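Q: Dropping the structure in here first, questions after.
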Amino acid sequence: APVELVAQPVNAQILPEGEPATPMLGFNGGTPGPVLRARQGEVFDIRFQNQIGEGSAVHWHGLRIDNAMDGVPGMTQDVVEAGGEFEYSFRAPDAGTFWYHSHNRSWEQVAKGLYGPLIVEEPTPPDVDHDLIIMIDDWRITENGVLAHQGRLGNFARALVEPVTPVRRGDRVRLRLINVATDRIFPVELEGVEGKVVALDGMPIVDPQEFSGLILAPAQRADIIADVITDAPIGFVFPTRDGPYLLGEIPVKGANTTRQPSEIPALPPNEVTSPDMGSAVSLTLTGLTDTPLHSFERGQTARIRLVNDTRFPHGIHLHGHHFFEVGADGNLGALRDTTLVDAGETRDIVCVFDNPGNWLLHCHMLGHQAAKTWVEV
């Protein structure tokens, strides 16, 4: 109050123990950066400090917040020059798993480590024994631990668990999964636990769902509540044609006897404004544009058609708003803040532009070095 958030050189143990640590950029002496926590309705007061030798800023990914705080240089603020600072101060209005990252993380390799989790707590959280954050990323790391259309097949992927804590058989765990990769889509199979997906992208779903077949595109989150059903570690698996790849695990020791069986509860809802009908806009996949995609009056509904006529899937992130993906049948599906449009595919989204200001719509071609559309509200 304010917590200092210092972007700086750091080291991280990415490769296994006994193998070399990896030099990179991070926050506050590590990567991932610190877990930022606040109760729904409360103020995050963050003093950002740039010790990385180049222009920077921080995006709070999924925060439906004051525009001045969104972290988009040349649109929402001046870039934070090296050696400079920026005071980020906003109320978080929705409970859930969010994250934060340098504004240029999707297209600057040096910014690889410049991210961390942002947790907005429910006023009365659900009954769980452990609340763990699972950040899944992949890496191309040389023989001595230095970070290395990529030419490369994805090789070293890990699920980083925060905190690393021993869990008991019979514990009820909340697992906050975050795909923090910029360029990789991760199917994620859970092993050793039983329960349900209870939120996506920080937004609680009405009826909790099986987690089988779960896929996370870049920047997407899923919350899982589940019971630890065995003595084997909890495992996070990336299923592949060549067999399962182990992302990581939560070691299990001992047993919980005091917890009696129960339904996996649903999360309390966040305020979602029902769409009505809107200005059809279409956007096809191919330093900001001089004019916006559209300039809305506050509170209007929009249907955006996203046309991907390239050979590569694009990750799509809309700032300051959540939106509905539209299913194969024409109506509302997942409410997300980040979506994925596969190559040669079209996806519609539906958004109620209720948050005022100038909001990046960021489309990133996976595996490609990008560097820019927006919406006026």
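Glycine gets a Cβ as well: all are built from the backbone with ideal geometry, and neighbour counts include every protein chain shown. Numbers and lists here come from the model and the stated rules, or from a named source; no laboratory read-out is quoted.
Q: Hey, can you tell me all the residues within the stretch 23-65 that are aromatic (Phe, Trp, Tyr) and over 23 Å from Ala222 (Cα atoms)?
A: Let us first name the residues in the stretch 23-65 that are aromatic (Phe, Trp, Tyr), namely 27, 44, 48, 60.
Passing the criteria: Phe27, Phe48.
Q: Here's a follow-up. Find all pairs meeting these conditions: Cβ atoms under 9 angstrom apart; at least six residues apart or on different chains; first residue within the stretch 208-229 and acidic (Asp, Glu); second residue part of a loop (DSSP other than H, G, I, E, B).
A: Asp223/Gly202; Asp223/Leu267; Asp227/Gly170; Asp227/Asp171; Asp227/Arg259; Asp227/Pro261; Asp227/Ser262; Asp227/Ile264
Q: Another one. Residue check: is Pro269 under 22 Å from the mean Cα position of the chain (by Cα) and surrounded by 12 or more Cβ atoms within 10 Å (Cβ to Cβ)? Break it down into steps so the answer makes sense when it comes.
A: Numbers: under 22 Å from the mean Cα position of the chain (by Cα): yes; surrounded by 12 or more Cβ atoms within 10 Å (Cβ to Cβ): yes.
Taking the combined requirement at face value, the residue satisfies it.
Q: More than 20 Å from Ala370 (Cα to Cα), in contact with a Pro (Cβ under 6 Å, 6 or more places away or on another chain) and among the polar types (S, T, N, Q) - does that describe any residue in the stretch 334-350?
A: No, the conditions are met nowhere in the stretch 334-350.
Q: Name the residues in the stretch 75-105 that are more than 19 Å from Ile119 (Cα to Cα), crowded, with 18+ Cβ neighbours inside 10 Å and among the β-branched types (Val, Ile, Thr), would you?
A: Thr76, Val80
Q: When you look at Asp231, is it surrounded by fewer than 20 Cβ atoms within 10 Å (Cβ to Cβ), outside the structural domain of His321 (by CATH), of a type in the set (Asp, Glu) and touching a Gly at 6+ places or on another chain (Cβ under 8 Å), yes or no?
A: Numbers: surrounded by fewer than 20 Cβ atoms within 10 Å (Cβ to Cβ): yes; outside the structural domain of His321 (by CATH): yes; of a type in the set (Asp, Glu): yes; touching a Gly at 6+ places or on another chain (Cβ under 8 Å): no.
So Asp231 does not fit the description; no.
Q: Kindly check whether there is at least one residue in the stretch 310-324 that is more than 21 Å from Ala217 (Cβ to Cβ) and of a type in the set (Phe, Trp, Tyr).
A: Looking for residues that are more than 21 Å from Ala217 (Cβ to Cβ) and of a type in the set (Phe, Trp, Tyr), one finds none in the stretch 310-324, hence no.
Q: Next question. Can you tell me which condition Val252 does not meet? The list is (1) in contact with an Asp or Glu (Cβ under 9 Å, 6 or more places away or on another chain); (2) β-branched (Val, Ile, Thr); (3) over 22 Å from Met135 (Cα atoms); (4) buried (at least 16 other Cβ atoms within 10 Å of the Cβ), and all the others hold.
A: Tallying (1) in contact with an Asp or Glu (Cβ under 9 Å, 6 or more places away or on another chain); (2) β-branched (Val, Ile, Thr); (3) over 22 Å from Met135 (Cα atoms); (4) buried (at least 16 other Cβ atoms within 10 Å of the Cβ), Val252 fails exactly one: (3).
Q: Using the structure shown, decide if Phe211 is more than 22 Å from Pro126 (Cα to Cα), buried (at least 20 other Cβ atoms within 10 Å of the Cβ), of a type outside the set (S, T, N, Q) and within 18 Å of the chain's Cα centre (by Cα). Give the derivation first.
A: On the way: more than 22 Å from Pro126 (Cα to Cα): no; buried (at least 20 other Cβ atoms within 10 Å of the Cβ): yes; of a type outside the set (S, T, N, Q): yes; within 18 Å of the chain's Cα centre (by Cα): yes.
Against the criterion (more than 22 Å from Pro126 (Cα to Cα), buried (at least 20 other Cβ atoms within 10 Å of the Cβ), of a type outside the set (S, T, N, Q) and within 18 Å of the chain's Cα centre (by Cα)), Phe211 does not qualify.
Q: Looking at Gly235, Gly243, which is the one that is part of a strand (DSSP E or B), among the small types (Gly, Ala, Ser) and more than 19 Å from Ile264 (Cα to Cα)? Don't jump to the end; show me each part of the working.
A: Working: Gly243 fails: part of a strand (DSSP E or B).
Among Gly235, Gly243, only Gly235 is part of a strand (DSSP E or B), among the small types (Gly, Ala, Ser) and more than 19 Å from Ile264 (Cα to Cα).
Q: Can you tell me which residues in the stretch 11-56 are aliphatic (A, V, I, L, M) and more than 22 Å from the chain's Cα centre (by Cα)?
A: To start, the set of residues in the stretch 11-56 that are aliphatic (A, V, I, L, M) comprises 12, 14-15, 21, 24-25, 35-36, 38, 43, 46, 52.
Scanning the stretch 11-56 gives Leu15, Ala21, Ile52.
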